[PDB]
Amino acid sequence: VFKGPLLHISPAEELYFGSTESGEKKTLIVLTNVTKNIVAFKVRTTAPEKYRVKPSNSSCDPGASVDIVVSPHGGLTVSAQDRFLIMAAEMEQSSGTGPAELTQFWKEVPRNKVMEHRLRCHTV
């Protein structure tokens, strides 16, 4: 329950991974756009080879909430050293939200406009 300038993020600090009905370990991040503009967001991790992050580079309409599902690839297990990074920035009202528009946005957005929120993983 983290309240930021651009996004509210659930959970606020620590990710819990539970077993799904298929045996996989999955956790959920929910980003809620608390502004009046589209907010583009990226997810980065300290273990890029390890996690499926669906989605990892998207956008969120004003007042809407978007789910990010995170799971280690089969055979890998969550580790307490693993962290996650949410990067977010407001877009223009007119801009599109395809992969090409998002990629161009992240090249032009100034650094001091990009919110960042860090999350760690619970293990024991």
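Residue indices: 1-based, along the sequence shown.
- Averaged over Cα atoms, the B-factor as recorded in the entry is higher for 92 to 100 than for the other of 27 to 35 and 92 to 100.
- When the mean C-alpha temperature factors of 53 to 61 and 73 to 81 are read from the deposited coordinates, 73 to 81 comes out higher.
- Per the PDB record, residue ranking by Cα B-factor puts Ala12 in the middle third of the chain.
- When the CA B factors of the chain's modelled residues are split into thirds, the value for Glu108 lands in the middle one.
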